[PDB]
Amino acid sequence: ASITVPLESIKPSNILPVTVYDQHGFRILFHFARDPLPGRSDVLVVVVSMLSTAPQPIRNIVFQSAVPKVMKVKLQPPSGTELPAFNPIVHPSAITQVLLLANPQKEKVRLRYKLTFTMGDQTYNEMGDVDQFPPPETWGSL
């Protein structure tokens, strides 16, 4: 990946989102979209959204992932790394991060992830996984 995909260019799918992590008023989700650039039906686009309704702000957010040897994964820089405390008057804020996934051989996608973030005096370290991906043949038809 010298290849980037600007946010502006992504057309959302009709696939439901998938909740990756949900704790401490902090939530990560995957939205899946067809690769908007023609000529690569073996790339999944994963719009990662990170949302907070925590009473304190959330800082130092890093999201990482890994994928089977046979496929690759790239993470474009996130829109940001912190979130404001919940405020009833303002609109909720989101961090967005684009995540690219190359599956030439077209096998079942699994994904591990690490999430580090800070909230007050506390740091959090999560490691887990995701397997609710759209079947790899469908990656052109969404």
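So that there is no doubt, residue numbering starts at 1 and follows the sequence shown.
Comparing 35-43 with 108-116, the higher mean C-alpha B-factor in the PDB entry belongs to 35-43. Looking at mean Cα B-factors across 66-74 and 46-54, the upper value is held by 66-74. The residue among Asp121, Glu126, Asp22, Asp129 whose C-alpha carries the highest B-factor in the deposited model is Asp121.
Residue-level temperature factors show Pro134 in the middle third of its chain, judged at the C-alpha atom. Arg59: CA B factor in the middle third of modelled residues in this chain (values from the PDB entry). Per the deposited record, the Cα B-factor of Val18 falls in the lowest third when ranked against the other modelled residues of its chain. Annotation for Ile28: C-alpha temperature factor in the lowest third relative to the rest of the modelled chain, per the entry. Per-chain ranking of the deposited C-alpha B factor places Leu83 in the lowest third.
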